[PDB]
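>>> got an experimental structure here, sequence first:
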Amino acid sequence: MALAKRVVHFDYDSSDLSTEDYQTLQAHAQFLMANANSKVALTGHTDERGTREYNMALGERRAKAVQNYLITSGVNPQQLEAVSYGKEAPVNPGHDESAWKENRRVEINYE
Ligand SMILES: N[C@H](CCC[C@H](N)C(=O)O)C(=O)O
């Protein structure tokens, strides 16, 4: 079940991971260590609030926060990619809170 989750979320202007996101990440860490040839692309995103520049950096910190946890957990840095899309690729349009909660995220994409 933990492995079924391919996205973790963040609070406003934060790159801190929640206790729930950590459970998810531990599952992927174990899978990646057992599958040394599996590779993952981590994409960081933000909600539409703020400049494009500000959010590109925030998205990058989010992706790297996830990357660093996996690495600390034992995942080979070679199996990981960390990139930011800033506020350019929201999953939910509309300009409201709930929607922004969905957009503050890092997606885990297996190659
Ligand atoms: N200092 C920025 C924070 C934006 C945070 C939001 N884009 C997020 O995705 O967490 C502002 O005044 O909008």
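Received, thanks. Numbers count the residues shown, from 1 in each chain.

>>> the helix or strand hosting residue 22: how far from the chain's middle?
In this structure, residue 22 is located in helix 19-34 according to DSSP states H and E. Helix 19-34 has its average C-alpha position 12 Å from the chain's average C-alpha position, going by CA atoms, centre = their mean, to the nearest Å.

>>> quick one: contacts of the next helix or strand after it?
Helices and strands here follow DSSP H and E; after helix 19-34, the next one along the chain is strand 40-44. By CB atoms under 8 Å, 6 or more residues apart in numbering, the residues outside strand 40-44 that reach it are 28, 32, 58-64, 66-67, 79-85, 89, 105-111. Backbone N, C-alpha and C define where each C-beta goes, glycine included.

>>> just checking: what are the partner strands of strand 40-44?
Each strand that strand 40-44 pairs with, and the sense of that pairing, follows from DSSP bridges: strand 80-84 (parallel), strand 105-110 (antiparallel).

>>> I'd like to know which of these is closest to the ligand.
Put simply, out of these the one that sits nearest the ligand is strand 105-110, at 9.0 Å, with distance taken as CB to the nearest ligand atom.
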